[PDB]
Amino acid sequence: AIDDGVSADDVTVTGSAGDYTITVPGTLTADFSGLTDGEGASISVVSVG
Amino acid sequence: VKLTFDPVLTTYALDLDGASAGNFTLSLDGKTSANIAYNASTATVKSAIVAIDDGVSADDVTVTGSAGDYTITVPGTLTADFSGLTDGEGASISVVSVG
């Protein structure tokens, strides 16, 4: 429910503690300006498992 | 299928034909709603529909009417299922002209 209506539920998430290995259709991006400190704020792509 | 140059909003009438109790349902391009009450408010019907289909903003949907008699304008193919409505086997949903 990132759409105003329903959105894809075959989306799956792995990893932990903020690092999360999200798997999704299309293209994804993020906003971290709501989070004050820790500064690891990123997004990155991986293929080998 | 009707063919048009630009994409267009389709106007519907939804009529519960004096149904007295129970719930109906709506589906937009085959995406289903939750259960809707036989006297749900006109603003409740809009507020339900906007939650159903990917990208369908509350900007593009609009609804007007009264309890048991609603007119709806929406970009997709709207449909309904009345199974679980009572005194309501006469209920109907249909596409409507300009008027």
# chains A, B, ... in the order shown; residues from 1 in each chain; ligands from 1

$ residues_around --residues "residue 9 (chain A)" --least-positions-apart "2" --cutoff "12 Å" --atoms "only C-alpha atoms" --output "JSON, numbers by chain"
{"A": [1, 2, 3, 6, 7, 11, 12, 13, 23, 24, 25], "B": [54]}

$ write_last_selection --atoms "N, CA, C and O atoms" --output "PDB file, in the first residue's frame"
ATOM      1  N   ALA A   1       0.800  -1.223   0.000  1.00  0.00           N
ATOM      2  CA  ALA A   1       0.000   0.000   0.000  1.00  0.00           C
ATOM      3  C   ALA A   1       0.845   1.292   0.000  1.00  0.00           C
ATOM      4  O   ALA A   1       0.519   2.268   0.675  1.00  0.00           O
ATOM      5  N   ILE A   2       1.945   1.308  -0.763  1.00  0.00           N
ATOM      6  CA  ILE A   2       2.639   2.557  -1.130  1.00  0.00           C
ATOM      7  C   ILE A   2       1.864   3.365  -2.183  1.00  0.00           C
ATOM      8  O   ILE A   2       1.899   4.595  -2.180  1.00  0.00           O
ATOM      9  N   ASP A   3       1.117   2.685  -3.052  1.00  0.00           N
ATOM     10  CA  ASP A   3       0.052   3.292  -3.850  1.00  0.00           C
ATOM     11  C   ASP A   3      -1.083   3.822  -2.963  1.00  0.00           C
ATOM     12  O   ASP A   3      -1.227   3.410  -1.813  1.00  0.00           O
ATOM     13  N   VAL A   6      -4.226  -0.554  -3.510  1.00  0.00           N
ATOM     14  CA  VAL A   6      -3.330  -1.689  -3.224  1.00  0.00           C
ATOM     15  C   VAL A   6      -2.009  -1.565  -4.002  1.00  0.00           C
ATOM     16  O   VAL A   6      -1.927  -0.848  -4.996  1.00  0.00           O
ATOM     17  N   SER A   7      -0.969  -2.272  -3.558  1.00  0.00           N
ATOM     18  CA  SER A   7       0.296  -2.432  -4.281  1.00  0.00           C
ATOM     19  C   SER A   7       0.861  -3.838  -4.067  1.00  0.00           C
ATOM     20  O   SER A   7       0.393  -4.576  -3.200  1.00  0.00           O
ATOM     21  N   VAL A  11       6.198  -8.763  -3.052  1.00  0.00           N
ATOM     22  CA  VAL A  11       7.371  -8.080  -2.472  1.00  0.00           C
ATOM     23  C   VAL A  11       7.837  -8.784  -1.197  1.00  0.00           C
ATOM     24  O   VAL A  11       7.028  -9.087  -0.315  1.00  0.00           O
ATOM     25  N   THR A  12       9.146  -9.014  -1.073  1.00  0.00           N
ATOM     26  CA  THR A  12       9.747  -9.744   0.054  1.00  0.00           C
ATOM     27  C   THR A  12      10.997  -9.037   0.574  1.00  0.00           C
ATOM     28  O   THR A  12      11.736  -8.422  -0.192  1.00  0.00           O
ATOM     29  N   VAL A  13      11.229  -9.085   1.886  1.00  0.00           N
ATOM     30  CA  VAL A  13      12.307  -8.339   2.548  1.00  0.00           C
ATOM     31  C   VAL A  13      13.117  -9.262   3.458  1.00  0.00           C
ATOM     32  O   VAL A  13      12.564 -10.015   4.259  1.00  0.00           O
ATOM     33  N   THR A  23      13.462  -7.039  -1.897  1.00  0.00           N
ATOM     34  CA  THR A  23      13.260  -7.428  -3.300  1.00  0.00           C
ATOM     35  C   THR A  23      11.884  -6.996  -3.793  1.00  0.00           C
ATOM     36  O   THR A  23      10.864  -7.361  -3.208  1.00  0.00           O
ATOM     37  N   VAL A  24      11.860  -6.213  -4.872  1.00  0.00           N
ATOM     38  CA  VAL A  24      10.698  -5.447  -5.351  1.00  0.00           C
ATOM     39  C   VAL A  24      10.654  -5.376  -6.878  1.00  0.00           C
ATOM     40  O   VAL A  24      11.697  -5.465  -7.518  1.00  0.00           O
ATOM     41  N   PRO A  25       9.481  -5.180  -7.493  1.00  0.00           N
ATOM     42  CA  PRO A  25       9.388  -4.841  -8.906  1.00  0.00           C
ATOM     43  C   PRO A  25       9.821  -3.391  -9.174  1.00  0.00           C
ATOM     44  O   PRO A  25       9.887  -2.570  -8.260  1.00  0.00           O
TER      45      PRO A  25
ATOM     46  N   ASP B  54      -4.097   0.242  -7.541  1.00  0.00           N
ATOM     47  CA  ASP B  54      -2.790   0.890  -7.654  1.00  0.00           C
ATOM     48  C   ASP B  54      -2.889   2.225  -8.423  1.00  0.00           C
ATOM     49  O   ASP B  54      -3.523   2.319  -9.474  1.00  0.00           O
TER      50      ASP B  54
END

$ interface_residues --of "chain B" --to "chain A" --cutoff "12 Å" --atoms "only C-alpha atoms" --output "ChimeraX atom specification"
/B:28,30-34,47-61

$ residues_around --residues "region 47-49 of chain A" --least-positions-apart "5" --cutoff "12 Å" --atoms "only C-alpha atoms" --output "PyMOL selection string"
chain A and resi 14-15+21-23

$ write_last_selection --atoms "C-alpha atoms" --output "PDB file, in the first residue's frame"
ATOM      1  CA  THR A  14      15.427  -9.932   4.137  1.00  0.00           C
ATOM      2  CA  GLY A  15      18.566  -8.605   5.959  1.00  0.00           C
ATOM      3  CA  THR A  21      17.738  -6.743   1.477  1.00  0.00           C
ATOM      4  CA  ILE A  22      14.407  -5.668  -0.074  1.00  0.00           C
ATOM      5  CA  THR A  23      13.260  -7.428  -3.300  1.00  0.00           C
TER       6      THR A  23
END

$ atom_distance --atom1 "CA of residue 16 (chain B)" --atom2 "CA of residue 90 (chain B)"
7.3 Å

$ atom_distance --atom1 "CA of residue 67 (chain B)" --atom2 "CA of residue 29 (chain B)"
24.4 Å

$ residues_around --residues "residue 81 (chain B)" --least-positions-apart "5" --cutoff "9 Å" --atoms "only C-alpha atoms" --output "list in words"
residues 24, 25, 26 and 27 of chain B

$ write_last_selection --atoms "C-alpha atoms" --output "short mmCIF file (atom, residue, chain, number, x, y, z; two decimals), in the first residue's frame"
data_model
loop_
_atom_site.label_atom_id
_atom_site.label_comp_id
_atom_site.auth_asym_id
_atom_site.auth_seq_id
_atom_site.Cartn_x
_atom_site.Cartn_y
_atom_site.Cartn_z
CA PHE B 24 -22.32 -5.54 -0.66
CA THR B 25 -18.87 -5.30 -2.36
CA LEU B 26 -17.27 -3.36 -5.27
CA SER B 27 -14.44 -4.31 -7.66
#

$ select_by_dssp --residues "chain B" --states "helix (DSSP H, G or I)" --output "VMD selection string"
chain B and resid 42 to 49

$ select_by_dssp --residues "region 7-49 of chain B" --states "strand (DSSP E)" --output "MDAnalysis selection string"
chainID B and resid 10:15 21:28 31:32 36:37

$ residues_around --residues "residue 70 (chain B)" --least-positions-apart "6" --cutoff "12 Å" --atoms "only C-alpha atoms" --output "list in words"
residues 11, 12, 13, 14, 15, 16, 17, 38, 39, 40, 41, 42, 43, 44, 45, 46, 62, 63, 64, 91, 92, 93, 94 and 96 of chain B

$ residues_around --residues "residue 22 (chain B)" --least-positions-apart "4" --cutoff "10 Å" --atoms "only C-alpha atoms" --output "MDAnalysis selection string"
chainID B and resid 35:39 82:88

$ closest_residue --among "B:21, B:8, B:1, B:95" --to "residue 78 (chain B)" --atoms "only C-alpha atoms"
B:95

$ residues_around --residues "residue 43 (chain A)" --least-positions-apart "2" --cutoff "9 Å" --atoms "only C-alpha atoms" --output "PyMOL selection string"
chain A and resi 19+28-30+41+45

$ atom_distance --atom1 "CA of residue 46 (chain A)" --atom2 "CA of residue 17 (chain A)"
17.6 Å
